[PDB]
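Here is the structure we will look at, set down as structure tokens.
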Amino acid sequence: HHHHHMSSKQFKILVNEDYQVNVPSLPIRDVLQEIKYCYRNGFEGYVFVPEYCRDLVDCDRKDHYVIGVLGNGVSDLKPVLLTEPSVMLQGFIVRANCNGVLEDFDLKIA
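Residue 27 in the deposited numbering sits at position 32 of the sequence shown; the count goes up by one each step and never skips.
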């Protein structure tokens, strides 16, 4: 029998809705390892950019990946391209040093 239990972590991440940022992207194998690192150690050095603010994110390697946040409630962390069209995309967690506001995120690995 299935039994509901907590299987995700809570993180306080800086949210960027105001500033244009140029961010690094990675090959898919490296982003999968980076998502494991962040799930264990947190998101220092990262900001979350909501999907409605996607035009704020520049990148020199559009063929490579960033951290995507997918789904409602408990969101999944998955490698995504910045052009990801999924209607389930909440936003991106990208390396940046800009100002923002603090928000809570309930996350697990895809």
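Note that the Cβ used here is the ideal one computed from N, Cα and C, for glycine as well.
Opening and closing residue of the alpha helix (DSSP H) in which residue i lies
| i | result |
| --- | --- |
| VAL61 | Per DSSP, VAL61 belongs to no alpha helix (DSSP H); it is in the beta strand (DSSP E), 61 to 65. |
| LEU72 | Segment 70 to 75 is the beta strand (DSSP E) holding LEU72; no alpha helix (DSSP H) there. |
| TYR34 | 23 to 36 |
Limits of the unbroken beta strand (DSSP E) element including residue i
| i | result |
| --- | --- |
| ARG90 | 84 to 90 |
| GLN5 | 4 to 10 |
| residue 107 | Coverage of the chain is limited to positions -4 through 105, which leaves residue 107 absent and any answer about it impossible. |
| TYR41 | 41 to 45 |
Residue nearest to residue i in terms of C-alpha spacing, selected from the options
| i | options | result |
| --- | --- | --- |
| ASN94 | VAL61, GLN15, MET1, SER2 | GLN15 |
| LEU76 | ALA91, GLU46, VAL69, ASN92 | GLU46 |
| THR78 | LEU72, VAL52, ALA91 | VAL52 |
| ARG90 | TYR41, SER2, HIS(-3) | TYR41 |
| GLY66 | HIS(-1), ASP101, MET1 | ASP101 |
| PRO74 | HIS(-2), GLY37, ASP25, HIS0 | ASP25 |
Residue i to residue j span [Cα, whole Å]
| i | j | result |
| --- | --- | --- |
| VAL96 | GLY63 | 19 Å |
| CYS33 | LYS103 | 10 Å |
| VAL61 | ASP99 | 20 Å |
| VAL44 | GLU12 | 6 Å |
| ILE88 | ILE30 | 10 Å |
| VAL10 | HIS(-4) | 39 Å |
Any chain D beta carbon closer than 8 Å to residue i
| i | result |
| --- | --- |
| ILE62 | Given the protein chain composition of this structure (a single chain), no chain D is represented. |
(request) Decide yes or no for the touch test of the stretch -1 to 6 against the stretch 74 to 83: beta carbon pairs closer than 8 Å, at least 3 of them. (result) no
(message) Count Cβ pairs between the stretch 16 to 30 and the stretch 49 to 57 that sit closer than 8 Å; are there 3 or more?
(response) yes
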